[PDB]
Number of protein chains: 2
Amino acid sequence: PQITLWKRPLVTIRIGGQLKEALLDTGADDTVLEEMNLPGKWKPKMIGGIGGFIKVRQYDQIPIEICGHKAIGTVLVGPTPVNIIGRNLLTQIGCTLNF
Amino acid sequence: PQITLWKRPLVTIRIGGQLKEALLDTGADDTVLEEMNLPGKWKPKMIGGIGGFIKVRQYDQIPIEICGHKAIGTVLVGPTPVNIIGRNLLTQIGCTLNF
Ligand SMILES: CC[C@H](C)CN(C[C@@H](O)[C@H](Cc1ccccc1)NC(=O)OC[C@H](C)C(=O)OC)S(=O)(=O)c1ccc(OC)cc1
């Protein structure tokens, strides 16, 4: 598909047995999801953006389906105001910027 | 061009006669550049990201040439972690997401 940018590029993702709305975010190196109690091991991490840093939990090898395209990789979980699909998963679903 | 996402989508922009590197950021509503001087009146504004809120200066109707494509629109200036081209200008240059 092609997604224009008049509005936020929110799409449906499926992770850990839940469907969620998330931004397709070319400015995000990593994928950052709203607080959720995912199973398995994790590592603490702090990530920085506008306003400063937040603390997140890094889960690896998590299956995430994005608009019917399967992905698997690292997901960071923490108190973000929006779910963010970052480049680590965008590349896996074949996403490019075009102009 | 078509830009893949295995690396950060950084491009050269021209603004006020100066060349800068900036990130094509589909998760940013607005364009925000690190501290710099721009001519004309500005309005104080606050914007919020993953780490909270910052104060910025809002300059309106500013020409920016982004990887050879012309835009004229709102540019925020303040303590962003990196130079960001957001959707307000991405739309002007005809940028879409494709997968
Ligand atoms: C440093 C470049 C940018 C700021 C990184 N961020 C991605 C941005 O696309 C980020 C995504 C986001 C949107 C809304 C609320 C919170 C986050 N955009 C963002 O902060 O936009 C804030 C507002 C809406 C704006 O337009 O400001 C100019 S991030 O902070 O969300 C982020 C940081 C590290 C990551 O992985 C290491 C992933 C995401």
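We name chains A, B, ... by the order of the sequence lines, and we start the count at 1 in each one.
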| Given the rule in the side chain to side chain contact (heavy atoms under 4.5 Å, CB included) test, do A:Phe99 and B:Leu90 qualify, once you have shown the distances and angles that lead to the verdict? | CA-CA 9 Å; A:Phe99 58 100; B:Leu90 296 173; over 6 Å; no

| said: Checking B:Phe53 against A:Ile50 for the side chain to side chain contact (heavy atoms under 4.5 Å, CB included) test, could you report, in this order, the C-alpha distance in whole Å, the side-chain angles of both residues, the deciding distance, and whether it holds? | reply: CA-CA 7 Å; B:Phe53 281 76; A:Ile50 289 165; over 6 Å; no

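Residue B:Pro81 comes nearest to A:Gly49 through the heavy atom pair CG-C, 3.7 Å, listed as atom of the first residue, atom of the second, then distance.
Side-chain atoms of B:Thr26 come within 3.5 Å of backbone atoms of A:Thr26 as a donor-acceptor pair (strictly under, hydrogens ignored).
Note on A:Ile54, A:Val32, A:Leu5, A:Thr4: by heavy-atom pairs under 4.5 Å with chain B, the leading option is A:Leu5. For the set A:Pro79, A:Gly94, A:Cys95, the count of heavy-atom pairs under 4.5 angstrom toward chain B peaks at A:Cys95.
Summarising the local packing, CD of A:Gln2 is surrounded by more than 12 heavy atoms from other residues, nucleotides or ligands at distances under 6.0 Å.
Within residues 8-15 of chain A, the residues having any heavy atom less than 4.5 Å from a heavy atom of chain B are, in residue-number order, A:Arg8, A:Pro9.
With B:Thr96 as the fixed residue, the side chain to side chain contact (heavy atoms under 4.5 Å, CB included) test singles out one of A:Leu97, A:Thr96, A:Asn98: A:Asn98.
Of the two parts of B:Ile93, the backbone and the side chain both hold a non-hydrogen atom closer than 4.5 Å to a non-hydrogen atom of chain A. Contacts between A:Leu24 and chain B at a heavy-atom distance below 4.5 Å involve backbone atoms as well as side-chain atoms.
Here the side chains of A:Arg87 and B:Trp6 are not in contact, with every heavy-atom distance at 4.5 Å or above.
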